[PDB]
C-alpha cells in the first residue's frame, strides 16, 4: 500500500525539519505550490519540478551531513531511492519506472543546472569575490548587496560606520565621570572603539590561523576553484597553493 506523492513529500520535508519556505528557498518551487502539492489541491507534478525538489534536499543534506566521502555515497544513493519513491507514488503518472533511465536523467538534469548557476555567478564574480552577497543560511540561494555587510572581517576593518554590540556588555567608555553627558552618546554607548575592533580582529585572525589553512593568493585560488575545469585536475592545483 503506497502513499500519494504529496504524503511522501511532507514526510521527507518534515523528517529533515525543513519548513515549506526553507524548502522553497533550497528548491526553485514556490511556497504556495509546495503547500498545494502536500494537500492534494494540486495533482501529481511535472518530472522537472520533482527534480528541482530533490536538488532542494540535495543542497540541504550536503549542508547538514556533509559532502565528505563516507556520506557522499550515502547521499547520492539516498536521493536516488527518494526519486524512485516519488515516481512509485499511488497517484504517479510515470509507468517508464525503469529507475536507471530516471536516475541517469536526473544526474544529466543536475549537471545542466550546475552549468547555468556557474554562468550566472561568473557575471557577478566581482560581488561574489568581494563578499558583496546576502547568502541565505543553509542554502546556495544568494542576493547581491551594495556592501559586504555579512563579511565579519570587513565589519571589523571598515572605517565608514560605527560598529555596536548588544545594549549589554557596554559603557565602552570607562570614562563615565565627564560632567555633562557626551552629546548624543547617551544613545550610542554601544560603539566599539578602533582599539577593541583590532584586538577582536587579531584574536579571530589567530584563532582561525592555528586551524584551517591560510590562502597566499586570493585572486588566484578563487579563479581556479570557480570554472568548467575537471574536479580531479583542480584539486591538485588547490593543494599546490596550500602546500608548495
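Numbering follows the first chain given and starts at 1.
Higher mean CA B-factor, judged across 200-208 and 174-182 from the recorded values: 174-182.
A summary of the deposited B-factors shows that, of 8-16 and 226-234, the stretch with the larger mean C-alpha value is 226-234. Within the selection 157, 126, 139, 100, the deposited Cα B-factor values reach their highest point at 100. Per the PDB entry, 72 shows the highest C-alpha temperature factor of the residues 149, 164, 161, 72. Among the modelled residues of its chain, residue 135 has a C-alpha B-factor that falls in the lowest third according to the deposited record.
Compared with the other modelled residues of the chain, the Cα B-factor recorded for residue 215 ranks in the highest third. Among the modelled residues of its chain, residue 153 has a C-alpha B-factor that falls in the lowest third according to the deposited record. Sort the chain's modelled residues by C-alpha temperature factor and residue 145 lands in the lowest third, per the entry.
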